[PDB]
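# Report on the structure
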Amino acid sequence: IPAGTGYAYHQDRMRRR
Amino acid sequence: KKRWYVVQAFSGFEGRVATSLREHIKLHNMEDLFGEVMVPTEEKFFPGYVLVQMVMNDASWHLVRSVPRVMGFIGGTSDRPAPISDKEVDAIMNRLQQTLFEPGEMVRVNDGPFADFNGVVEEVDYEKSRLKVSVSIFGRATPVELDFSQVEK
Amino acid sequence: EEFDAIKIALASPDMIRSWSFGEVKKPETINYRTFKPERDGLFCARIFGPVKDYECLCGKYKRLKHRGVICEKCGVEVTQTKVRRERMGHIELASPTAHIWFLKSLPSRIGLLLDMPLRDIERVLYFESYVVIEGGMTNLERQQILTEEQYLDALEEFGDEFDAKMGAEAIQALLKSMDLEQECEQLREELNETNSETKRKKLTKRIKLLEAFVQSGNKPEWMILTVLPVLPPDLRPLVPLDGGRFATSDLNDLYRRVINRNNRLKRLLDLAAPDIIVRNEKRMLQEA
Amino acid sequence: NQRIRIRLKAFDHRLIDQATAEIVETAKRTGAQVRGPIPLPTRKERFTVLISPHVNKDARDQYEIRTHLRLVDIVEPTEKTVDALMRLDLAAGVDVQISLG
Amino acid sequence: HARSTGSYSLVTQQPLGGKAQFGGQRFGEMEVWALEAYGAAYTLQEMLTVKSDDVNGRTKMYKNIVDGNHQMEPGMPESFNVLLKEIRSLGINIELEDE
DNA sequence: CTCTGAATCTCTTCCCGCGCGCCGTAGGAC
DNA sequence: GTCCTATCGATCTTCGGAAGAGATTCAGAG
Ligand SMILES: [Mg+2]
Ligand SMILES: [Zn+2]
């Protein structure tokens, strides 16, 4: 999900891009 | 002039549909309103509707729908079912008046104790109007001979 | 498959054929005594996939050694049986058929596109009245639905300078005749012609639909089904129950009805049944 | 229904009567009635071959091949019986021909 | 009642449901909302892919758990694919996209 | 003569787990 | 008896739901 730990993963993916 | 009219009928009961109309015409004594009700059949292309030689009276319109296993006629509107055509009658009366076992082919037997089994043709018994198809008996493809009418292509 | 988006759009009939691996013809699945799947049925082995785990139906191969090969005793391709839940088939309708969803949504998409009332499009689709297309040198409008008595009039008042079709065929011709972009430009300039706010709003809806159809790669006839794909059988199992019987499956029976009606229609069209009979069969097929 | 007739030809007798016993029994279990088996005459070929490579001549060895035949007649075949037969494996080495009517 | 592993349904490979059948508890929509109320995403992904739906994944998870690795490979819930076929059986071409 | 009101039609919606119990194509033709 | 084709293709499916909203038809008049 794009929330919580899932948000952390998505945010890392978008920042490392 | 009794123009033909096509009527929907219970598939499989179409014979009982024609007969049940035939009785009801005489019982309601509307013999002066009906010719014959055709159910063409070959050795019945369309298990379905019937053709009735008829005229169009409201008594006849309700009469046909008063025969069992009859929803009604097929036409443009339910108020007035329509006849078929001039030539359509003639064409129907025309037709109402008017596969080799290959080696290696896989067939099923049509009748007998081996009917509906997975068999393979082994040889050609052509001129005797017979057949010979391998079968799986005893764990072997034993040579078994059958009649011609045992084919299932 | 890794993915990052999901796209939904209409499926062109050739796209459906691309989905399919075969054409189901015989409306039978398995014998009522033996449990083997009947070929060219709803459970055809060579169409959707083998039933055995890694063996062909004919039994010629029972090993990974022959994986991916094609047998010639039954025709089934030997691979992992799981693919049997993914392969689809398709049934080529003997005549066009309107997609029910697009016919009777909250508005009528097919009706909105043709600007034709839902009652009249339903009356046409179920073979109740003719509708004149390519009316040519006749006092018959672009669609101008007309009844059988009216058609009987036009049959002799005019010759072949008009065409009046019935059912989805007429609608398909209308869809096939839609000059979509020119139509939208005309309607979007006609919008400024009047202030009918009891019609400007539905006109905005109609032009929005026209713009959406223009922008998308969708084509009008795709609202009329011509090839109907069949679900993979493993998603609609004919599971057995206690004793030698298989549990009834709803979709299997719906497909069976559709296949039987369509095969009857093909048989008649081959035998040249009268117009009344074929019209009735086409109506029954559409309703099935 | 027509009886089904099985003609069994084998070179070894004990093996033929083993397959026969199997078949008769099988039929009897599935509640069919079976006539036979009836021993049909044994066709014994013969061959006399001079053993000497050159010219002794009066050095013949006589070899005979004996073909054994059994007829098993199964009256009125119930399709279930047909399946009984059709899954069992009959001793190989054994020739079975079936006639129907 | 408690279930580790056992029967799996056919049309969708989710575990059976019931006591007379060796079935597992249903994780309802309200439970999903509650998990989303916390930040638990790994928990949800496991609960709805490995434990229930992804056939290949739930075996690789079984092997890792026996091996003592405690790592999951989610893949994709089969039920979703079934849905796709169910929509593709209509006049709808819905498909996954790369970008 | 058909434009904005209403007025009447159809379509869609209705907590969630658990646990049993049973019941589950039909008629007629060869 | 088994094995086949088909759907009330001479009925009347249930009136003991609210409601909420669009959609579709009809007035009083510009
Ligand atoms: Mg002799
Ligand atoms: Zn095979």
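Residues numbered from 1 in each chain as written, not as in the entry; some residues may be left out. Chains lettered and ligands numbered in written order. Part of a larger assembly, values for the part shown. Heavy atoms only, no water.

The record lists its title as "30S-TEC (TEC in expressome position) Inactive state 1".

Naming follows the PDB entry, where chain D appears as 30S ribosomal protein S10 of Escherichia coli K-12. A UniProt comment under Sequence similarities is attached to chain D, and it reads "Belongs to the universal ribosomal protein uS10 family." (UniProt positions renumbered as here; feature names shortened; annotations may be inferred.)

Residue and element names in this part refer to chain C. Burial along strand 4 (residues 130-133) is two-sided: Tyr130 and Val132 facing one way and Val131 and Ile133 facing the other are all buried. Looking at chain direction, strand 4 and strand 5 (residues 145-146) are connected through two bridges and run antiparallel. Residue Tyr130 lies in a different strand from strand 5, and its bridge partner there is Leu146. As paired elements, strand 4 and strand 6 (residues 163-166) share four bridges and run antiparallel to each other. Paired with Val132 across the two strands is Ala164, which belongs to strand 6. (Buried < 20%, exposed > 50% of the residue type's maximum accessible area, 1.4 Å probe, protein only. Helix = DSSP H or I, 4+ residues; strand = E, 2+ residues; numbered from the N terminus. Pairing = 2+ DSSP bridges.)

This brings us to the coordination of the zinc ion (ligand 2). Those protein atoms acting as donors to the zinc ion (ligand 2) are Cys58(C) (N) and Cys58(C) (SG), and they sit at 2.6 to 2.7 Å. Mapping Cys58(C) onto the fold places it in the loop between helix 2 (45-48) and strand 3 (88-98). (Donors = N, O, S within 2.8 Å, 3.2 Å for Na, K, Ca; no water.)

This paragraph deals with the sheet that holds strand 2 (residues 34-38) of chain B. Residues and elements named next belong to chain B. Reading across from one edge, 1-3-2 is the order of the three strands in this open sheet, with antiparallel pairing throughout. The open sheet has two edge strands with one neighbour each: strand 1 (4-7) and strand 2. Averaged over all neighbouring strand pairs, the angle between strand axes comes to 25°, with direction disregarded. Two elements, strand 1 and strand 3 (residues 50-54), share four bridges in a ladder whose sense is antiparallel. Note on strand 3: the bridge partner recorded for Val7 is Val50. Set on the sheet, helix 1 (residues 14-27) makes contact with strand 2 and strand 3; between it and strand 2 the angle comes to about 170°. (Axes fitted to C-alpha atoms, helices over the stretch in contact; angles between N-to-C directions. Contact = heavy atoms within 4.5 Å.)

Below, the discussion takes up the nonpolar core. If you look at soluble globular proteins, the nonpolar side chains tend to sit buried side by side. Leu10(C), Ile110(C), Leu113(C), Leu114(C) and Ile171(C) are the most contacted members of the largest nonpolar core, which has 32 residues in total. Elements represented by at least two residues in this core include exactly helix 3 (100-103), helix 4 (109-114), helix 5 (118-125), strand 4, helix 7 (168-177), helix 8 (180-190) and helix 9 (197-215) of chain C together with strand 1 (92-97) of chain E. For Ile171(C), the contacting residues outside a window of four places in its chain are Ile110(C), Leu114(C), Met116(C), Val124(C) and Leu125(C). The next biggest cluster of nonpolar side chains, apart from the first, holds 30 residues, and it includes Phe117(B), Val135(B), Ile137(B) and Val72(D). (Core = buried A, V, L, I, M, F, W, Y, C linked by side-chain atoms within 4.5 Å.)

To continue, consider the sheet that holds strand 7 (residues 224-230) of chain C. Residues and elements named next belong to chain C. Spatially, three strands are ordered 2-3-7 in an open sheet, and the strand pairing comes out mixed. Two strands in the sheet have a free side with no partner beyond their single neighbour: strand 2 (20-23) and strand 7. Within the sheet, the average angular offset between the axes of one strand and its neighbour, ignoring direction, is 45°. In this structure, strand 2 lies alongside strand 3, joined through two bridges in parallel fashion. In the strand pairing of strand 3, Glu23 is matched with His90.

Turning our attention to the protein's contact with DNA strand F. What surrounds DNA strand F is the set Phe13(B), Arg16(B), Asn195(C), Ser196(C), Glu197(C), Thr198(C), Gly18(E), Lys19(E), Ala20(E), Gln25(E), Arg26(E) and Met30(E). Each atom of DNA strand F within 4 Å of the protein was assigned to sugar, phosphate or base; sugar and phosphate come to 86%. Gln25(E) is positioned with one of its side-chain polar atoms (N or O) 3.4 Å from a phosphate oxygen of DNA strand F. The separation between a phosphate oxygen of DNA strand F and a polar side-chain atom of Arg26(E) is 3.5 Å. Taken together, the residues of the surface near DNA strand F break down into three nonpolar, five polar and four charged. (Near = heavy atom within 4 Å. Polar contact = N/O pair within 3.5 Å; in protein donor to acceptor, adjacent residues only side chain to side chain. Nonpolar A, V, L, I, M, F, W, Y, C, P; charged D, E, K, R; others polar.)

Moving on to a negative patch on the surface. Together, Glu1(C), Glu2(C), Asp4(C), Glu95(E), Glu97(E), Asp98(E) and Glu99(E) give the surface a local cluster of negative charge. Of note, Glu99(E) is situated in the segment after strand 1. (Patch = residues over 30% accessible without salt bridge, like charges linked within 9 Å, V, L, I, M, F, W, Y side chains within 5 Å. Areas by Shrake-Rupley, 256 points an atom, 1.4 Å probe, with all protein chains shown as cover. Salt bridge = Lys/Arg side-chain N within 4 Å of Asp/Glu carboxyl O. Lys, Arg positive; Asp, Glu negative; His and termini not counted. Charge placed at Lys NZ, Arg CZ, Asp CG, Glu CD.)

Moving on, we come to the interface of chain E and chain C. Facing 21 residues of chain E, the contacting portion of chain C comprises 28 residues. Between chain E and chain C the total buried area reaches about 2,200 Å² when both faces are included, carbon and sulfur atoms providing 64% of it. The shortest N-O distance in the salt bridge between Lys85(E) and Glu86(C) comes to 3.8 Å. At the boundary of chain E and chain C, one finds nine residue pairs in polar contact. Breaking the side of chain E that touches chain C down by element, the ones donating at least two residues are helix 4 (78-88) and strand 1 of chain E. For the side of chain E that touches chain C, the residue count by class is nine nonpolar, four polar and eight charged. In the sheet, strand 1 (residues 5-10) of chain C pairs with strand 1 of chain E via six bridges, with the strands oriented antiparallel. Residue pairing across strands places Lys7(C) opposite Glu95(E), the latter belonging to strand 1 of chain E. (Buried area = accessible area lost by both parts, 1.4 Å probe.)

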